[PDB]
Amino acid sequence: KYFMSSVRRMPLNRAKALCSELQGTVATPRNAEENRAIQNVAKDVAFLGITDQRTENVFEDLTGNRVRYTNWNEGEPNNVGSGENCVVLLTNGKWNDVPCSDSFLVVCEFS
């Protein structure tokens, strides 16, 4: 896998469109090594290709595959307010669930 970060921030729908445009997908770390690699390419908080939009508290990648490895920041995922169904990788590498409509950088993953 090759990981590339965007320079501008955008909501998940636009982030998915960007990675998909170059025939990739929003980055989904499958282990601690991939998590670090994505963290490194991301210069700020960035979206990951994981959501619980289909079933609340059931996190899966953008292709419907349930994720096994997770790295939630303490207290996460908390689905606060009216709900947080998207996921971002914080600058310390831990994850936070956030509203999919919010804007963050995006890290795309290619094979």
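We call the rigid core the largest set of C-alpha positions that still match within 1.5 Å between the two forms. Position 1 is the first residue in the sequence shown; the rest follow in order.
After superposing on the rigid core, the larger RMS C-alpha deviation in 8 other deposited structures of this protein belongs to 50 to 58, the other candidate being whichever of 50 to 58 and 29 to 37 remains. The mean C-alpha temperature factor is higher for 5 to 13 when 5 to 13 and 20 to 28 are set side by side.
In this entry, 61 to 69 has the higher mean Cα B-factor, the comparison being between 61 to 69 and 39 to 47. Out of 56, 34, 74, 84, it is 74 whose C-alpha atom has the highest B-factor in the PDB entry.
Ranked within its chain, residue 103 lands in the lowest third, by CA B factor from the PDB record.
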